[PDB]
$ cat protein19.pdb   # PDB, C-alpha atoms and all ligand atoms
ATOM      1  CA  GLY E  96     -36.998  90.350 -45.764  1.00  0.00           C
ATOM      2  CA  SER E  97     -39.957  90.364 -43.377  1.00  0.00           C
ATOM      3  CA  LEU E  98     -40.873  89.136 -39.910  1.00  0.00           C
ATOM      4  CA  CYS E  99     -43.152  86.115 -39.691  1.00  0.00           C
ATOM      5  CA  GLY E 100     -44.600  87.227 -36.363  1.00  0.00           C
ATOM      6  CA  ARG E 101     -47.009  84.267 -36.144  1.00  0.00           C
ATOM      7  CA  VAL E 102     -48.575  84.178 -32.681  1.00  0.00           C
ATOM      8  CA  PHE E 103     -48.471  80.661 -31.262  1.00  0.00           C
ATOM      9  CA  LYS E 104     -51.689  79.034 -30.142  1.00  0.00           C
ATOM     10  CA  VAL E 105     -51.906  76.900 -27.042  1.00  0.00           C
ATOM     11  CA  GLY E 106     -50.853  73.390 -27.998  1.00  0.00           C
ATOM     12  CA  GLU E 107     -49.143  74.378 -31.264  1.00  0.00           C
ATOM     13  CA  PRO E 108     -45.661  73.070 -32.216  1.00  0.00           C
ATOM     14  CA  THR E 109     -42.724  75.416 -31.800  1.00  0.00           C
ATOM     15  CA  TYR E 110     -39.189  74.758 -32.994  1.00  0.00           C
ATOM     16  CA  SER E 111     -35.911  75.698 -31.297  1.00  0.00           C
ATOM     17  CA  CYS E 112     -32.733  75.248 -33.316  1.00  0.00           C
ATOM     18  CA  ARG E 113     -30.154  74.242 -30.718  1.00  0.00           C
ATOM     19  CA  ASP E 114     -27.323  75.054 -33.138  1.00  0.00           C
ATOM     20  CA  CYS E 115     -28.542  78.551 -34.052  1.00  0.00           C
ATOM     21  CA  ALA E 116     -30.857  79.932 -31.346  1.00  0.00           C
ATOM     22  CA  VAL E 117     -29.340  82.887 -29.505  1.00  0.00           C
ATOM     23  CA  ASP E 118     -31.410  82.320 -26.344  1.00  0.00           C
ATOM     24  CA  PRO E 119     -33.959  79.743 -25.100  1.00  0.00           C
ATOM     25  CA  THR E 120     -36.868  81.889 -26.254  1.00  0.00           C
ATOM     26  CA  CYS E 121     -35.873  81.914 -29.942  1.00  0.00           C
ATOM     27  CA  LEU E 122     -38.565  79.897 -31.738  1.00  0.00           C
ATOM     28  CA  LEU E 123     -39.870  79.130 -35.224  1.00  0.00           C
ATOM     29  CA  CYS E 124     -43.309  78.099 -36.415  1.00  0.00           C
ATOM     30  CA  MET E 125     -43.593  74.832 -38.308  1.00  0.00           C
ATOM     31  CA  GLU E 126     -43.863  76.512 -41.742  1.00  0.00           C
ATOM     32  CA  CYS E 127     -40.774  78.656 -41.165  1.00  0.00           C
ATOM     33  CA  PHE E 128     -38.760  75.863 -39.559  1.00  0.00           C
ATOM     34  CA  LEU E 129     -39.332  73.493 -42.475  1.00  0.00           C
ATOM     35  CA  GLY E 130     -38.445  76.221 -45.002  1.00  0.00           C
ATOM     36  CA  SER E 131     -35.238  77.161 -43.160  1.00  0.00           C
ATOM     37  CA  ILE E 132     -31.720  75.766 -42.830  1.00  0.00           C
ATOM     38  CA  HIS E 133     -32.676  74.635 -39.330  1.00  0.00           C
ATOM     39  CA  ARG E 134     -34.784  71.738 -40.645  1.00  0.00           C
ATOM     40  CA  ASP E 135     -31.506  69.813 -40.939  1.00  0.00           C
ATOM     41  CA  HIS E 136     -29.969  71.065 -37.661  1.00  0.00           C
ATOM     42  CA  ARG E 137     -30.154  69.827 -34.082  1.00  0.00           C
ATOM     43  CA  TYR E 138     -33.564  71.018 -32.937  1.00  0.00           C
ATOM     44  CA  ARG E 139     -36.233  70.627 -30.288  1.00  0.00           C
ATOM     45  CA  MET E 140     -39.957  70.724 -30.935  1.00  0.00           C
ATOM     46  CA  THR E 141     -41.932  71.898 -27.881  1.00  0.00           C
ATOM     47  CA  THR E 142     -45.693  72.355 -27.723  1.00  0.00           C
ATOM     48  CA  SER E 143     -46.559  75.984 -27.008  1.00  0.00           C
ATOM     49  CA  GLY E 144     -48.213  77.113 -23.808  1.00  0.00           C
ATOM     50  CA  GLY E 145     -49.845  79.813 -25.910  1.00  0.00           C
ATOM     51  CA  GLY E 146     -48.520  83.235 -26.808  1.00  0.00           C
ATOM     52  CA  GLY E 147     -45.176  84.482 -27.946  1.00  0.00           C
ATOM     53  CA  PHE E 148     -44.407  84.341 -31.617  1.00  0.00           C
ATOM     54  CA  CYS E 149     -42.285  82.961 -34.388  1.00  0.00           C
ATOM     55  CA  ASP E 150     -38.910  84.706 -34.556  1.00  0.00           C
ATOM     56  CA  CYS E 151     -38.317  84.081 -38.261  1.00  0.00           C
ATOM     57  CA  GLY E 152     -36.874  87.217 -39.784  1.00  0.00           C
ATOM     58  CA  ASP E 153     -35.323  88.465 -36.532  1.00  0.00           C
ATOM     59  CA  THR E 154     -31.592  88.630 -37.270  1.00  0.00           C
ATOM     60  CA  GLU E 155     -30.747  88.872 -33.557  1.00  0.00           C
ATOM     61  CA  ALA E 156     -32.580  85.656 -32.651  1.00  0.00           C
ATOM     62  CA  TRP E 157     -30.467  83.370 -34.880  1.00  0.00           C
ATOM     63  CA  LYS E 158     -26.717  82.925 -35.211  1.00  0.00           C
ATOM     64  CA  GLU E 159     -27.280  81.613 -38.764  1.00  0.00           C
ATOM     65  CA  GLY E 160     -30.198  81.456 -41.203  1.00  0.00           C
ATOM     66  CA  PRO E 161     -32.512  84.075 -39.682  1.00  0.00           C
ATOM     67  CA  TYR E 162     -35.007  83.857 -42.580  1.00  0.00           C
ATOM     68  CA  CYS E 163     -36.880  80.997 -44.205  1.00  0.00           C
ATOM     69  CA  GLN E 164     -37.780  80.764 -47.899  1.00  0.00           C
ATOM     70  CA  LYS E 165     -41.119  82.533 -47.323  1.00  0.00           C
ATOM     71  CA  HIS E 166     -39.804  85.526 -45.406  1.00  0.00           C
ATOM     72  CA  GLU E 167     -36.381  86.237 -46.916  1.00  0.00           C
TER      73      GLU E 167
HETATM   74 ZN    ZN H   1     -42.989  81.676 -38.720  1.00  0.00          ZN
HETATM   75 ZN    ZN H   2     -40.293  82.436 -42.041  1.00  0.00          ZN
HETATM   76 ZN    ZN H   3     -29.975  76.117 -37.039  1.00  0.00          ZN
END
$ encode --input "protein19.pdb" --output "C-alpha cells" --more "lines below"
Ligand SMILES: [Zn+2]
Ligand SMILES: [Zn+2]
Ligand SMILES: [Zn+2]
Amino acid sequence: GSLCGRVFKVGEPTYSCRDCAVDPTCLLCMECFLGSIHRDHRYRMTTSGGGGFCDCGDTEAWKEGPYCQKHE
C-alpha cells in the first residue's frame, strides 16, 4: 500500500471516522473517505483550516480499514 499524503487546503472537506479514528487528528480526504469502509461508518466532515494531511494508508491512524481502494 501507499500513503495518500494529500495536503488539505483552507476550506477543504476533511473526514473523521468516529468509529475508527485513533485520535482527533486522524483525517481522510474526500476521495479516500468515499473509497474506504468509513463511507458507511459514523463520521464527521469538518472544513479544514488549511494544512495537515490525509492519513489514508497510515495503519496507526485507523483501528480498521487504514487504506482506501486507491491506496491499498
Ligand atoms: Zn487521501
Ligand atoms: Zn486513500
Ligand atoms: Zn470507520
$ residues_around --input "protein19.pdb" --residues "residue E:147" --least-positions-apart "2" --cutoff "10 Å" --atoms "all atoms listed in the file" --output "MDAnalysis selection string"
chainID E and resid 100:104 120:122 143:145 149:150
$ residues_near_ligand --input "protein19.pdb" --ligand "ligand ZN 2 (chain H)" --cutoff "8 Å" --atoms "only C-alpha atoms and all ligand atoms" --output "VMD selection string"
chain E and resid 98 to 99 123 to 124 126 to 128 130 to 131 149 to 152 162 to 167
$ resolve_selection --input "protein19.pdb" --expression "the PyMOL selection byres (((chain E and resi 113-115) around 9) and not hetatm)" --output "ChimeraX atom specification"
/E:111-112,116-117,119,133,136-139,156-161
$ write_last_selection --input "protein19.pdb" --atoms "C-alpha atoms" --output "PDB file, keeping the file's coordinate frame"
ATOM      1  CA  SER E 111     -35.911  75.698 -31.297  1.00  0.00           C
ATOM      2  CA  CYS E 112     -32.733  75.248 -33.316  1.00  0.00           C
ATOM      3  CA  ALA E 116     -30.857  79.932 -31.346  1.00  0.00           C
ATOM      4  CA  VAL E 117     -29.340  82.887 -29.505  1.00  0.00           C
ATOM      5  CA  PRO E 119     -33.959  79.743 -25.100  1.00  0.00           C
ATOM      6  CA  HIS E 133     -32.676  74.635 -39.330  1.00  0.00           C
ATOM      7  CA  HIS E 136     -29.969  71.065 -37.661  1.00  0.00           C
ATOM      8  CA  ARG E 137     -30.154  69.827 -34.082  1.00  0.00           C
ATOM      9  CA  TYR E 138     -33.564  71.018 -32.937  1.00  0.00           C
ATOM     10  CA  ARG E 139     -36.233  70.627 -30.288  1.00  0.00           C
ATOM     11  CA  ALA E 156     -32.580  85.656 -32.651  1.00  0.00           C
ATOM     12  CA  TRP E 157     -30.467  83.370 -34.880  1.00  0.00           C
ATOM     13  CA  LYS E 158     -26.717  82.925 -35.211  1.00  0.00           C
ATOM     14  CA  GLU E 159     -27.280  81.613 -38.764  1.00  0.00           C
ATOM     15  CA  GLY E 160     -30.198  81.456 -41.203  1.00  0.00           C
ATOM     16  CA  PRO E 161     -32.512  84.075 -39.682  1.00  0.00           C
TER      17      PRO E 161
END
$ atom_distance --input "protein19.pdb" --atom1 "atom CA of residue E:154" --atom2 "atom CA of residue E:106"
26.3 Å
$ axis_aligned_box --input "protein19.pdb" --around "stretch 147-153 of chain E" --padding-each-side "3 Å" --output "JSON"
{"center_x": -40.2, "center_y": 85.7, "center_z": -33.9, "size_x": 15.9, "size_y": 11.5, "size_z": 17.8}
$ closest_residue --input "protein19.pdb" --among "E:132, E:140, E:125, E:105" --to "ligand ZN 3 (chain H)" --atoms "all atoms listed in the file"
E:132
$ closest_residue --input "protein19.pdb" --among "E:141, E:118, E:129, E:135" --to "ligand ZN 1 (chain H)" --atoms "only C-alpha atoms and all ligand atoms"
E:129
$ closest_residue --input "protein19.pdb" --among "E:153, E:148, E:142, E:110" --to "ligand ZN 3 (chain H)" --atoms "all atoms listed in the file"
E:110
$ build_atoms --input "protein19.pdb" --residues "stretch 133-152 of chain E" --atoms "N, CA, C and O atoms" --output "PDB file, in the frame of the given file"
ATOM      1  N   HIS E 133     -32.636  75.335 -40.611  1.00  0.00           N
ATOM      2  CA  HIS E 133     -32.676  74.635 -39.330  1.00  0.00           C
ATOM      3  C   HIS E 133     -33.386  73.296 -39.404  1.00  0.00           C
ATOM      4  O   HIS E 133     -33.246  72.503 -38.476  1.00  0.00           O
ATOM      5  N   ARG E 134     -34.104  73.019 -40.494  1.00  0.00           N
ATOM      6  CA  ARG E 134     -34.784  71.738 -40.645  1.00  0.00           C
ATOM      7  C   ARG E 134     -33.806  70.581 -40.569  1.00  0.00           C
ATOM      8  O   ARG E 134     -34.186  69.472 -40.176  1.00  0.00           O
ATOM      9  N   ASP E 135     -32.546  70.826 -40.926  1.00  0.00           N
ATOM     10  CA  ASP E 135     -31.506  69.813 -40.939  1.00  0.00           C
ATOM     11  C   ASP E 135     -30.508  69.988 -39.799  1.00  0.00           C
ATOM     12  O   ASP E 135     -29.457  69.334 -39.797  1.00  0.00           O
ATOM     13  N   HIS E 136     -30.822  70.836 -38.815  1.00  0.00           N
ATOM     14  CA  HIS E 136     -29.969  71.065 -37.661  1.00  0.00           C
ATOM     15  C   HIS E 136     -30.475  70.280 -36.458  1.00  0.00           C
ATOM     16  O   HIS E 136     -31.489  69.582 -36.514  1.00  0.00           O
ATOM     17  N   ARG E 137     -29.749  70.408 -35.352  1.00  0.00           N
ATOM     18  CA  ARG E 137     -30.154  69.827 -34.082  1.00  0.00           C
ATOM     19  C   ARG E 137     -31.234  70.718 -33.491  1.00  0.00           C
ATOM     20  O   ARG E 137     -30.981  71.888 -33.197  1.00  0.00           O
ATOM     21  N   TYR E 138     -32.439  70.187 -33.336  1.00  0.00           N
ATOM     22  CA  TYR E 138     -33.564  71.018 -32.937  1.00  0.00           C
ATOM     23  C   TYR E 138     -34.405  70.320 -31.888  1.00  0.00           C
ATOM     24  O   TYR E 138     -34.304  69.109 -31.675  1.00  0.00           O
ATOM     25  N   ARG E 139     -35.241  71.118 -31.230  1.00  0.00           N
ATOM     26  CA  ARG E 139     -36.233  70.627 -30.288  1.00  0.00           C
ATOM     27  C   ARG E 139     -37.591  71.189 -30.675  1.00  0.00           C
ATOM     28  O   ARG E 139     -37.729  72.396 -30.895  1.00  0.00           O
ATOM     29  N   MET E 140     -38.575  70.313 -30.780  1.00  0.00           N
ATOM     30  CA  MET E 140     -39.957  70.724 -30.935  1.00  0.00           C
ATOM     31  C   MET E 140     -40.609  70.665 -29.561  1.00  0.00           C
ATOM     32  O   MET E 140     -40.592  69.613 -28.915  1.00  0.00           O
ATOM     33  N   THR E 141     -41.173  71.792 -29.121  1.00  0.00           N
ATOM     34  CA  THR E 141     -41.932  71.898 -27.881  1.00  0.00           C
ATOM     35  C   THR E 141     -43.303  72.465 -28.200  1.00  0.00           C
ATOM     36  O   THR E 141     -43.419  73.449 -28.933  1.00  0.00           O
ATOM     37  N   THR E 142     -44.328  71.869 -27.599  1.00  0.00           N
ATOM     38  CA  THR E 142     -45.693  72.355 -27.723  1.00  0.00           C
ATOM     39  C   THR E 142     -45.835  73.665 -26.961  1.00  0.00           C
ATOM     40  O   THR E 142     -45.439  73.761 -25.791  1.00  0.00           O
ATOM     41  N   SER E 143     -46.432  74.663 -27.612  1.00  0.00           N
ATOM     42  CA  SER E 143     -46.559  75.984 -27.008  1.00  0.00           C
ATOM     43  C   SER E 143     -47.564  75.988 -25.872  1.00  0.00           C
ATOM     44  O   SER E 143     -48.615  75.348 -25.947  1.00  0.00           O
ATOM     45  N   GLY E 144     -47.253  76.762 -24.831  1.00  0.00           N
ATOM     46  CA  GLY E 144     -48.213  77.113 -23.808  1.00  0.00           C
ATOM     47  C   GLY E 144     -49.138  78.228 -24.211  1.00  0.00           C
ATOM     48  O   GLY E 144     -49.998  78.618 -23.419  1.00  0.00           O
ATOM     49  N   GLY E 145     -48.999  78.739 -25.435  1.00  0.00           N
ATOM     50  CA  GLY E 145     -49.845  79.813 -25.910  1.00  0.00           C
ATOM     51  C   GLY E 145     -49.144  81.146 -25.796  1.00  0.00           C
ATOM     52  O   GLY E 145     -48.579  81.462 -24.746  1.00  0.00           O
ATOM     53  N   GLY E 146     -49.156  81.935 -26.866  1.00  0.00           N
ATOM     54  CA  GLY E 146     -48.520  83.235 -26.808  1.00  0.00           C
ATOM     55  C   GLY E 146     -47.079  83.183 -27.262  1.00  0.00           C
ATOM     56  O   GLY E 146     -46.516  82.127 -27.566  1.00  0.00           O
ATOM     57  N   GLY E 147     -46.455  84.353 -27.286  1.00  0.00           N
ATOM     58  CA  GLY E 147     -45.176  84.482 -27.946  1.00  0.00           C
ATOM     59  C   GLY E 147     -45.380  84.311 -29.438  1.00  0.00           C
ATOM     60  O   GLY E 147     -46.501  84.156 -29.936  1.00  0.00           O
ATOM     61  N   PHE E 148     -44.272  84.315 -30.169  1.00  0.00           N
ATOM     62  CA  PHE E 148     -44.407  84.341 -31.617  1.00  0.00           C
ATOM     63  C   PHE E 148     -43.176  83.752 -32.275  1.00  0.00           C
ATOM     64  O   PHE E 148     -42.113  83.587 -31.665  1.00  0.00           O
ATOM     65  N   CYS E 149     -43.370  83.408 -33.538  1.00  0.00           N
ATOM     66  CA  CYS E 149     -42.285  82.961 -34.388  1.00  0.00           C
ATOM     67  C   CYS E 149     -41.289  84.090 -34.576  1.00  0.00           C
ATOM     68  O   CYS E 149     -41.678  85.230 -34.826  1.00  0.00           O
ATOM     69  N   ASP E 150     -40.009  83.759 -34.435  1.00  0.00           N
ATOM     70  CA  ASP E 150     -38.910  84.706 -34.556  1.00  0.00           C
ATOM     71  C   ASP E 150     -38.240  84.669 -35.921  1.00  0.00           C
ATOM     72  O   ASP E 150     -37.128  85.192 -36.064  1.00  0.00           O
ATOM     73  N   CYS E 151     -38.868  84.055 -36.920  1.00  0.00           N
ATOM     74  CA  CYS E 151     -38.317  84.081 -38.261  1.00  0.00           C
ATOM     75  C   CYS E 151     -38.252  85.517 -38.762  1.00  0.00           C
ATOM     76  O   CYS E 151     -39.215  86.291 -38.646  1.00  0.00           O
ATOM     77  N   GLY E 152     -37.103  85.876 -39.310  1.00  0.00           N
ATOM     78  CA  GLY E 152     -36.874  87.217 -39.784  1.00  0.00           C
ATOM     79  C   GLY E 152     -36.241  88.143 -38.771  1.00  0.00           C
ATOM     80  O   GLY E 152     -35.957  89.300 -39.106  1.00  0.00           O
TER      81      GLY E 152
END
